Amino acid sequence: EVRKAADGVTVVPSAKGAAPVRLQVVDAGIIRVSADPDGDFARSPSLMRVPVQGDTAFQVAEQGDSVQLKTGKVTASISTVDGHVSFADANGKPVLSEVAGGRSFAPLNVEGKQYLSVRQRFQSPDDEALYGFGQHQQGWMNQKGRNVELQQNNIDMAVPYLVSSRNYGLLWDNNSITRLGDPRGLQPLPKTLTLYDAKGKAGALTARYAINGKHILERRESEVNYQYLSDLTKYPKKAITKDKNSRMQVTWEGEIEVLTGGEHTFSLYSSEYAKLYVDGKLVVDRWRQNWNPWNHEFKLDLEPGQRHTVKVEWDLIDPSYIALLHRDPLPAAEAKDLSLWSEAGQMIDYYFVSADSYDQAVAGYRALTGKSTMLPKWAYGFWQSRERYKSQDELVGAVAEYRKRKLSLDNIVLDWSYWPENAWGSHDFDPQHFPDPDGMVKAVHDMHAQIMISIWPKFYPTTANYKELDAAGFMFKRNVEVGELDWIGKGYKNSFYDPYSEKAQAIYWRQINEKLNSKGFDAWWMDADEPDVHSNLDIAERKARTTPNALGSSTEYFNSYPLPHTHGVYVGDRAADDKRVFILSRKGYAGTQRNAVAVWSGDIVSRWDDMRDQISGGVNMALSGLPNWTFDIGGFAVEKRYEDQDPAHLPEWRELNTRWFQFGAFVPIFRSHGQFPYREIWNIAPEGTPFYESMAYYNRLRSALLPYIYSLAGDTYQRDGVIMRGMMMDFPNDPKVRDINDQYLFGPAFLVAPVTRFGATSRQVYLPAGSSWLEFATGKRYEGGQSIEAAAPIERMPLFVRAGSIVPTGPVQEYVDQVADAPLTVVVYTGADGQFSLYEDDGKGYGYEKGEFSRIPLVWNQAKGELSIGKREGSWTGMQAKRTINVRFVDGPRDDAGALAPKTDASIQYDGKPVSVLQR
Ligand SMILES: [K+]
């Protein structure tokens, strides 16, 4: 049967067991595909979707084995035999096809409900590149051929939108644990491997337990598994020590042999120090803080009948976590497919986005899930934070010292534990350490800074606020019922609230409005919203302690917690006054950009590996659709050699933080944070060192680049754009940029290549083909399509500017708008044609929604040597009707290249009427 609707068609395939399939035209280039064994297409209401104003017109043709739906941009074909869908572009060129017979549905019976675990396979060629699907920690730029599980965790963020080099995007509308690649996930070591111990006896590896390097006991183990709290009960009791000094060690040693040949993948999930050798070669060498283990993946080509040695070396403190897990190759018929799997839902439901560019793929995500709210302009200046300022004098003193040193600072952050110890969730202030919070806020504001404060979803059962939420049915009960104690003092019972209902959101915000917003705080730091009820619980317990919610089970809704949670604060803060909202959330999700939510990569560590990993994490985050993203400059948690401030390791501490500070100055939000040692510029290193010189320079350069940066921020809303750009976005025809994991573009102009090795004074940098490049620090010109050894002394990061870039700049400022009516300096990097439409607005309220913004077109014609400043369009409260515009040309080596106050070459008065500036 074929049934036509006003917005698409439903096909009931003739083959036995093939599911009915429905197509809906959302817009000319956006097609919804739903497949449901029952044929009714009933699902829980989508959380990520917003309505779309689109052209839903289409034509139908029915020919033989297929039904064709045609829009102005797409032809979608449906098999009448098995229902499989294939998409072609306007010219009939194939873009993406489902696998015929490529759907899977399996029953899942949990929490009194019935769900389907669903899988869709698509045909995928060897040369397809894939990006997005959230923000992850393997250092993978390209996701092709990789296995990636969406499971909200401290440092691992789920957003189910994927982008392809084949000119499409896919939104997978499911809120449960989800898998790209292998639908099975990671297996215990012996499931598809034969094991031999250190004496060659089959069936186990040899495990040895030690305290302070002294052997305690040895035993055979067929699994390497202390992954979660429930697994720790098997750790040998005589091998445990809780001394403040003392450490523990475990080794596993033996050999593995596979049962089927091919590419095998692995994860060493670990905290504290962990090494792994295969065939004598070191393949994992990692440190994380004991309470935040994560996956460290590797892969090997292996064939049956051949043994390979394995040696795991773990050095830990109580408690720490480890697991060695494995995936064997999929069947050949499946192994090359693009596969998407979800644990719980009602049907397969996804959206095909036709995309002539990577930019258009991101724009389709914003159409489907919401435009990205504008953030306040001050959010794009420098943020200073600490875990934690322990008194209001410490916080205010940090602001005062930035001002005394004339460094640039816009925003200061107050972390957790400002409340009385036994009153988490009251939002009260301990008067010993915060005697006058209203005065704290006023003192910060009087120094022209904004203040953000930590608010968790966490409540102690003794607080009035807990009891209010609980009496209304909006407190998860299990964590308090089992008596789980947190880490504060002697340990406190606690739980987290249920954000899914609008009544819960109203209560949560009302408590915060009365206690905190009334005091003038500017921004909300919405931490731990995975939610992180008790760290390192197994997944069954995380689910049980967050269920039921107002809509259903935490199995159906495992990844969606931050969306309603941040929504409630966004709506309440926006209703309370006319200023723009700012939220920093530890997790994003599909749609969170519509609630004025920036995100960060979580409690990563002060390690060069983690720094490097954030480059590909940030690029994939932007291609997933979330444009306001940051990290802790220098890392969150630190090894003992850094916390104890061992002078032997001070040079590396300073060099890591300096390189990471250079990098942070060129990501969407610029923010210093972390655990002790203190992270303010002068506490990293004193004035006189190259570290201080470097941090001060990039701190001030950021303020001069604000006109450029904020124009990009305007276009995250106006043009559904991004700020951090993968190199493939602007060079989609250069295959060499598809897999490079340590370079990116900061807007259209700046190629950024952070230095991630101790003692490096240079690094290799690949310059994309098709453009020439100007070295920011010197003006030296380099042709595209080459790798160079770029100079990188401790104090400077490799930075190159694309020929034809127009970069609006201003004077160095200690805070946003310090100098009112500042002159604008347009810097033109010559060598090709270019254009840049400068967006400006009041930076403060929602007037831009009603058209209160201006655009000044800037056009550079390389043949003529002419910068055209076009007619201004639009106006806003506080706009400069007449203004000074300086112009500076960089066409090659120049002595003041990269200077904070460089020489200008022309200066004109602009009143909105078009004006031309010639280089000759
Ligand atoms: K507001």
Side-chain angles (χ1 to χ4, degrees), residues 11 13 15 18-24 26 29-36 65-69 73-79 81-89 92-106 116-134 142-150 159-174 178-184 329-342 345 347-355 358 361 364-365 368 590 620 623-624 738:
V11 172
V21 56
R22 174 192 66 189
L23 270 59
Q24 296 180 333
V26 179
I30 302 178
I31 312 293
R32 184 189 184 183
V33 175
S34 309
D36 177 14
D65 286 340
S66 75
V67 175
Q68 291 204 324
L69 186 153
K73 285 177 176 289
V74 171
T75 299
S77 299
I78 308 163
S79 168
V81 176
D82 59 20
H84 83 270
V85 181
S86 54
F87 302 98
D89 70 19
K93 186 160 174 290
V95 175
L96 171 69
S97 182
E98 291 178 345
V99 171
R103 313 192 203 280
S104 294
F105 307 89
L116 298 173
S117 300
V118 304
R119 181 187 179 194
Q120 182 67 52
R121 292 158 58 202
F122 305 83
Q123 299 171 42
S124 179
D126 293 330
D127 62 351
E128 171 168 49
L130 298 171
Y131 306 100
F133 239 43
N142 190 351
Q143 309 306 309
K144 170 70 176 169
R146 302 294 189 175
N147 307 288
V148 180
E149 179 167 304
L150 296 198
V159 178
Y161 190 70
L162 198 70
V163 182
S164 164
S165 63
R166 281 198 290 165
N167 303 295
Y168 69 87
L170 293 172
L171 181 71
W172 181 260
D173 190 342
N174 185 285
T178 291
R179 292 174 183 144
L180 165 74
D182 192 337
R184 299 169 300 166
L330 290 170
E334 292 169 40
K336 291 190 183 298
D337 296 343
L338 162 52
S339 179
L340 300 174
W341 172 94
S342 289
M347 67 185 182
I348 288 163
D349 199 26
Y350 69 89
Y351 298 80
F352 171 79
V353 177
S354 183
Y358 287 101
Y365 164 88
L368 284 163
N620 279 284
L623 288 167
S624 305
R738 294 185 168 201

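Quick note: residue numbers are just sequence positions, from 1. The figures that follow rest on heavy atoms only: side chains count, while hydrogens, waters and symmetry mates do not.
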Ring pair (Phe, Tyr, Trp, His ring centres under 6.0 Å) partners of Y168, counting only residues at least two apart
none
Residues which pass salt bridge (charged side-chain N to carboxylate O under 4.0 Å, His left out) with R184, listed by chain and number, not counting sequence neighbours
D182, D328
Only counting residues at least two apart or in another chain, list the ones meeting salt bridge (charged side-chain N to carboxylate O under 4.0 Å, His left out) with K73.
none
Residues which pass side-chain hydrogen bond (donor to acceptor under 3.5 Å, both in side chains) with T178, listed by chain and number, not counting sequence neighbours:
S342
Tell me, please, which residues at least two apart from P125 pass side-chain contact (heavy atoms from CB on, under 4.5 Å).
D127, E128, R166
Please check this pair: side chain of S97 against backbone of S86, looking for a donor-acceptor N/O pair closer than 3.5 Å.
no
Residues in side-chain hydrogen bond (donor to acceptor under 3.5 Å, both in side chains) with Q24, at least two apart?
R32
Not counting sequence neighbours, which residues clear side-chain contact (heavy atoms from CB on, under 4.5 Å) with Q68? List them please.
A61, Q63, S66, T75, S77
Testing the basics here: between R121 and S339, what is the closest heavy-atom pair and its distance to 0.1 Å?
CG-OG, 4.2 Å
Report the residues that fulfil side-chain hydrogen bond (donor to acceptor under 3.5 Å, both in side chains) with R103, sequence neighbours left out, ordered by chain and then residue number.
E98, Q120
Sequence neighbours left out, what passes salt bridge (charged side-chain N to carboxylate O under 4.0 Å, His left out) with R179? Give chain and number order.
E149
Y131 and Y358 aromatic ring geometry - parallel, tilted or perpendicular at 30°/60° bounds
perpendicular
Hey, what do you get for CG (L338) to CZ (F122), rounding to the nearest 0.5 Å?
6.0 Å
Once you measure the plane-to-plane angle for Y350 and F87, does it fall in the parallel (<30°), tilted (30-60°) or perpendicular (>60°) bin?
perpendicular
Who pairs with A18 by side-chain contact (heavy atoms from CB on, under 4.5 Å), at least two apart in sequence or on another chain?
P13, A15, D82
side-chain contact (heavy atoms from CB on, under 4.5 Å) partners of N167, counting only residues at least two apart:
none
Go through the structure and list residues passing salt bridge (charged side-chain N to carboxylate O under 4.0 Å, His left out) with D126, not counting sequence neighbours.
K336
Decide whether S164 and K144 meet the rule of one side-chain donor and one side-chain acceptor closer than 3.5 Å.
no
Which is it for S34 and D349 under the side-chain hydrogen bond (donor to acceptor under 3.5 Å, both in side chains) test, yes or no, and what are the steps along the way?
CA-CA 4 Å; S34 309; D349 199 26; 2.7 Å; yes
Write down the atom of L150, the atom of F133, and the distance for their closest heavy-atom approach.
CD2-O, 3.1 Å
